[PDB]
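> This is the structure I want to talk about, given as structure tokens.
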Amino acid sequence: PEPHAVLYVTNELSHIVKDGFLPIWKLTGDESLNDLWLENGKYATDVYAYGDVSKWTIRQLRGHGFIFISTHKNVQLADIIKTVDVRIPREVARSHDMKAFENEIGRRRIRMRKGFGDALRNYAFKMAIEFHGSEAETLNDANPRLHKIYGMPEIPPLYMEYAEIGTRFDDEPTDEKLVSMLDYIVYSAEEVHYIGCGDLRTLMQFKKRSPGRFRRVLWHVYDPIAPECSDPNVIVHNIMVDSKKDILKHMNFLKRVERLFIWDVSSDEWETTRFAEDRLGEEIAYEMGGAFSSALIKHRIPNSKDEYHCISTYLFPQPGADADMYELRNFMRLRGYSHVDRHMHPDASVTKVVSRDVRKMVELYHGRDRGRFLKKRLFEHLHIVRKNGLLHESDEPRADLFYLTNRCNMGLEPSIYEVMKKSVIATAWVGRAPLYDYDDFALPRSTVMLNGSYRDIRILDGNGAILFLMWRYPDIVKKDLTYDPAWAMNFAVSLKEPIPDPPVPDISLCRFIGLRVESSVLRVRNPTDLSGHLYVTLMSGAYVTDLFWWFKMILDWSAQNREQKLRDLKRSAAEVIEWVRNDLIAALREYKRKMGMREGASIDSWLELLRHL
Ligand SMILES: C[n+]1cn([C@H]2O[C@@H](COP(=O)(O)OP(=O)(O)O)[C@@H](O)[C@H]2O)c2nc(N)[nH]c(=O)c21
Ligand SMILES: Nc1nc2[nH]cnc2c(=O)[nH]1
Ligand SMILES: Nc1nc2[nH]cnc2c(=O)[nH]1
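Counting from -13, one number per residue, gives the positions in the sequence shown under this note's numbering.
Have a look at this one:
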């Protein structure tokens, strides 16, 4: 809505910038500190800035809006030596297009989005069990035997009871049929009984592409033709499979396991055989359903047959499969032990299927340049538990990432806050820019600040949030991380997290960039200095900081002391950019003088903690 990034370019580059239409901030060794703060506070859009900054720490430079652009890998700082966020290929200096330069920034910037979420996401696994509004991306880093991952993901094209299909969606090529198969089924299995595993090149490329969940799985791969393979989590079976009893003899029942069953079996002039194998794969699983959480049965669709039968939970198309391939995969959710509570997915049963409706499935969805997004949906629908963050009641600590503020959730803001009252970590779109690739809606910052801040709940904009996590847990959030402060600052972020002792006014807390310009506007647009300060911070809706801590610091802390307040900074590894009970309550009062109604309790809640300090 206001917040910018300082687009810090290194020297060898400076001259192009000059030709832009964005402003250019110029340094110069001295400045002082409160020089930067008053300067930077001058820009309302992103800016380009260069010149010596050797003097300053990183957190200082992030608190400030800095993104690092050079042709060199990294730049010197006071703190340490930072990996350049945006490296230009020199050819693309150099050259000297102001634009293809600019476009170059944009993209890697957009790429940076994922470092931010990752930083947060990555705190959350360190602190959380439940996980709401989730997707492939979280599945990706979960330990399924710990985390429990929730959400309502968009549902892939499905056969069962049960039609609706399609409608069609746009897509993109992926890994080949059979690798892409593996890809979406392996999440939380532990033991895979892959039958008709072939020559293994499949599984082998999977291992070449997904080494973690390959190794955190024990494979029995059943097949006469299957080659010897060392891999000591890979047990090779040269048996052929007619009976379930060729799987029993390869199972530890004296110990608990999510077991997965995969049936990819076909032989060598009708193929009402092709059929019985499919059926027999199923028939085998069924009997065993009680050992396996699930099955993925191969399921060629007949020609000769018009409607027919099988045991299934689901039937669906499969990514990257040639468009003439009329072979759906069949899913079977089963009873039998598992880490993901798939109960939602109906206990795999006898399903009457209409070849034509299936045909139309393949026709719509197959194509060896069409899979990506299907595969995802398959992957999420299968492994995430279909639960709704807002409505869910949580015995265990919970994370609530980037889903609260979705446009489905409009009107349910109450429930939103109540969630950010009890979340380990969650976040909300505050950004008032006009505003693309992202489909959320914004909580008024003022409201966020006031509803959000509790003894136990810290309430910072994305950047602050980031900053904080560095400071406090430097190895969940490396200092040298790369991200976009400005993007970080479209977020409100909230953490089950005590105020520091001492309430040292660190940068994660105090940045208040542009508060000067922000105050003038206030007075020239909708009219009416520590009181003045806090009124503006709110009346503006340009900032999200944690009031409570801010309070506890302002009073219980400053003054305090020229000496014994730095000292307790030192000490608290903290840093800054800017070097009485009543004015605040007047602040408060005045504020809601302008807005009973559109707020605020609470307000009250706050006030009534000043003159009840
Ligand atoms: C109309 N139709 C075409 N095909 C495909 O089947 C091929 C014939 O050879 P195939 O051995 O039946 O392939 P399959 O193992 O996938 O079933 C080509 O005709 C492909 O287009 C079909 N394949 C199946 N399985 N079922 C169908 O109804 C069908
Ligand atoms: N910052 C950010 N990170 C993400 N990681 C995955 N999705 C997102 C997102 O929308 N924003
Ligand atoms: N199967 C699968 N699909 C994905 N789509 C995006 N990420 C993944 C992943 O890890 N596995």
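Virtual Cβ for every residue (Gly too), placed ideally from N, Cα, C.
Would you say the beta carbon of residue 600 comes nearer than 6 Å to a heavy atom of ligand 1?
Since the first and last residues shown for the chain are -13 and 599, residue 600 lies out of range.
> Between the stretch 413 to 421 and the stretch 382 to 392, do at least 3 Cβ pairs fall closer than 8 Å?
yes
> Quick one, which of 433, 446, 10, 366 has its alpha-carbon nearest residue 137's?
The residue you call residue 137 lines up with position 151 of the sequence shown. Considering only alpha carbons, the answer is 366.
> Please tell me whether residue 162 and residue 306 are closer than 7 Å, where the distance is taken between their beta carbons.
The residue labelled residue 162 in the question sits at position 176 within the sequence shown. The residue labelled residue 306 in the question sits at position 320 within the sequence shown. A contact, by the Cβ cut-off of 7 Å.
> Give me the DSSP bridge partner(s) of residue 286.
To locate residue 286, count along the sequence shown from 1; it is residue 300. Paired residue(s): 313.
> Between the stretch 549 to 566 and the stretch 469 to 484, do three or more beta carbon pairs fall short of 8 Å?
no
> Report the CB separation of residue 63 from residue 44 in whole angstroms; it is logged as a contact under 8 Å.
Within the sequence shown, numbered from 1, the residue matching residue 63 stands at position 77. Within the sequence shown, numbered from 1, the residue matching residue 44 stands at position 58. Yes, residue 63 and residue 44 are in contact; Cβ-Cβ is about 6 Å, under 8 Å.
> Would you identify the three-state DSSP class for residue 519, choosing helix, strand or coil?
Along the sequence shown, one-based indexing puts residue 519 at 533. Residue 519 falls in the helix class under three-state DSSP.
> Curious, which full-length beta strand (DSSP E) runs of at least 3 residues does the stretch 391 to 444 contain?
411 to 415
> For residue 325, is the classification buried or exposed, using 16 other Cβ atoms within 10 angstroms of its Cβ as the cut-off for buried?
Walking along the sequence shown from the start, residue 325 turns up at place 339. It is buried - the Cβ of residue 325 has at least 16 other Cβ atoms within 10 Å.
> Is any non-hydrogen atom of ligand 3 found closer than 6 Å to the C-beta of residue 170, if you look at the structure I gave you?
Taking the sequence shown and counting its residues from 1, the one referred to as residue 170 is at position 184. Indeed, a heavy atom of ligand 3 lies less than 6 Å from the Cβ.
> Give me every residue whose Cβ sits closer than 5 Å to any heavy atom of ligand 1, in chain order.
That query returns the following residues: 286, 287, 289, 310, 312.
> Between residue 456 and the rest of its own chain, which residues show a CB-CB distance below 7 Å, the 5 nearest in sequence each way excluded?
The residue you call residue 456 lines up with position 470 of the sequence shown. Around residue 456: 45, 463, 465.
> For residue 385, count neighbouring C-beta atoms within 10 Å of its own C-beta (all shown protein chains included) and say buried if the count is 16 or more, exposed if not.
Position 399 of the sequence shown, counting from 1, holds the residue named residue 385. Answer is buried; the Cβ neighbour count reaches 16.
> When you compare only the Cα positions, how much space is there between residue 178 and residue 207?
Position 192 of the sequence shown, counting from 1, holds the residue named residue 178. Position 221 of the sequence shown, counting from 1, holds the residue named residue 207. About 8 Å.
> Going by C-alpha distance, which of 269, 370, 418, 534 is nearest residue 442?
If you number the sequence shown from 1, residue 442 lands on position 456. Minimum Cα distance to residue 442 is reached at 534.
> Taking only heavy atoms of ligand 3 into account, decide whether any of them is closer than 6 Å to the Cβ of residue 247.
In the sequence shown, the residue the question calls residue 247 occupies position 261. Taking non-hydrogen atoms of ligand 3 into account, the C-beta of residue 247 is found less than 6 Å away from none of them.
> Based on Cα-Cα distance, which residue from 349, 99, 297 lies nearest to residue 155?
Position 169 of the sequence shown, counting from 1, holds the residue named residue 155. Measuring from the Cα of residue 155, the nearest candidate turns out to be 349.
> For residue 295, count neighbouring Cβ atoms within 10 angstroms of its own Cβ and tell me buried if that reaches 16, exposed if not.
Along the sequence shown, one-based indexing puts residue 295 at 309. Flag for residue 295 reads exposed.
> Counting C-beta neighbours from all protein chains within 10 Å, is the total for residue 285 16 or more, i.e. buried, or is it exposed?
Locating residue 285 in the sequence shown gives position 299, where the first residue counts as 1. Buried.
> Taking all protein chains shown into account, do 16 or more other C-beta atoms lie within 10 angstroms of the C-beta of residue 200, making it buried, or fewer, making it exposed?
Position 214 of the sequence shown, counting from 1, holds the residue named residue 200. Buried.
> Could you have a look at residue 62 and say whether DSSP puts it in helix, strand or coil?
Residue numbering aside, residue 62 sits at position 76 when the sequence shown is read from its first letter. DSSP places residue 62 in strand when its eight states are reduced to three.
> Check each candidate in 495, 376, 434 and name the one with the smallest Cα separation from residue 584.
The residue labelled residue 584 in the question sits at position 598 within the sequence shown. It is 434.
> Hey, how far is the Cα of residue 88 from the Cα of residue 5?
In the sequence shown, residue 88 corresponds to position 102, counting from 1. In the sequence shown, residue 5 corresponds to position 19, counting from 1. Going from the Cα of residue 88 to the Cα of residue 5 covers about 11 Å.
> Thinking C-beta only, is residue 49 closer than 7 Å to residue 493?
Numbered from 1 along the sequence shown, position 507 holds the residue referred to as residue 493. Numbered from 1 along the sequence shown, position 63 holds the residue referred to as residue 49. The criterion of a C-beta distance shorter than 7 Å is satisfied by residue 493 and residue 49.
> Nearer than 6 Å: is that true of the beta carbon of residue 407 relative to any heavy atom of ligand 5?
With respect to ligand 5, the structure shown offers nothing to examine, as its ligands consist of ligand 1, ligand 2 and ligand 3.
> Suppose the cutoff is 6 Å on Cβ atoms and the five residues either side in sequence are ignored; what does the same chain contact list for residue 373 look like?
Counting from one through the sequence shown, the residue named residue 373 turns up at place 387. Counting only Cβ-Cβ distances below 6 Å, and skipping sequence neighbours, we find 136.
> Tell me where the alpha helix (DSSP H) around residue 369 begins and ends.
Counting from one through the sequence shown, the residue named residue 369 turns up at place 383. Start and end: 358 to 369.
> My understanding is that residue 35 touches residue 72, with C-beta atoms under 8 Å, so please give their C-beta distance in whole angstroms.
Counting from 1 along the sequence shown, the entry for residue 35 is found at position 49. Counting from 1 along the sequence shown, the entry for residue 72 is found at position 86. The pair is not a contact, with the Cβ atoms about 14 Å apart (cut-off 8 Å).
> Along the chain, where does the alpha helix (DSSP H) containing residue 534 start, and where does it finish?
Here residue 534 is taken as the residue at index 548 of the sequence shown, counted from 1. First-last of the alpha helix (DSSP H) with residue 534: 533 to 541.
> Quick one: measure Cβ to Cβ for residue 376 and residue 401, integer angstroms, because I've assumed they're closer than 8 Å.
Mapped onto the sequence shown, residue 376 falls at position 390. Mapped onto the sequence shown, residue 401 falls at position 415. Between residue 376 and residue 401 a beta carbon distance of about 5 Å is seen, short of the 8 Å cut, so the two are scored as contacting.
> Give me the DSSP bridge partner(s) of residue 301.
Residue numbering aside, residue 301 sits at position 315 when the sequence shown is read from its first letter. Residue 301 pairs with 145, 316.
> Which whole-angstrom value describes the C-beta separation of residue 363 and residue 139, a residue pair presumed to lie in contact below a C-beta threshold of 8 Å?
Here the question's residue 363 lines up with position 377 in the sequence shown. Here the question's residue 139 lines up with position 153 in the sequence shown. Between residue 363 and residue 139 the beta-carbon gap is near 7 Å, inside 8 Å, which marks them as a contact.
> Since residue 567 and residue 541 should fall inside the 8 Å C-beta cutoff, what is the C-beta to C-beta distance between them, to a whole number of angstroms?
Indexing the sequence shown from 1 puts residue 567 at position 581. Indexing the sequence shown from 1 puts residue 541 at position 555. Contact holds; Cβ gap of about 7 Å.
> Beta strand (DSSP E) containing residue 386: first to last residue?
Locating residue 386 in the sequence shown gives position 400, where the first residue counts as 1. Unbroken beta strand (DSSP E) run through residue 386: 384 to 386.
> Shorter than 6 Å, the distance from the beta carbon of residue 103 to the closest heavy atom of ligand 2, or not?
Residue numbering aside, residue 103 sits at position 117 when the sequence shown is read from its first letter. For ligand 2, at least one heavy atom lies less than 6 Å from the Cβ of residue 103.
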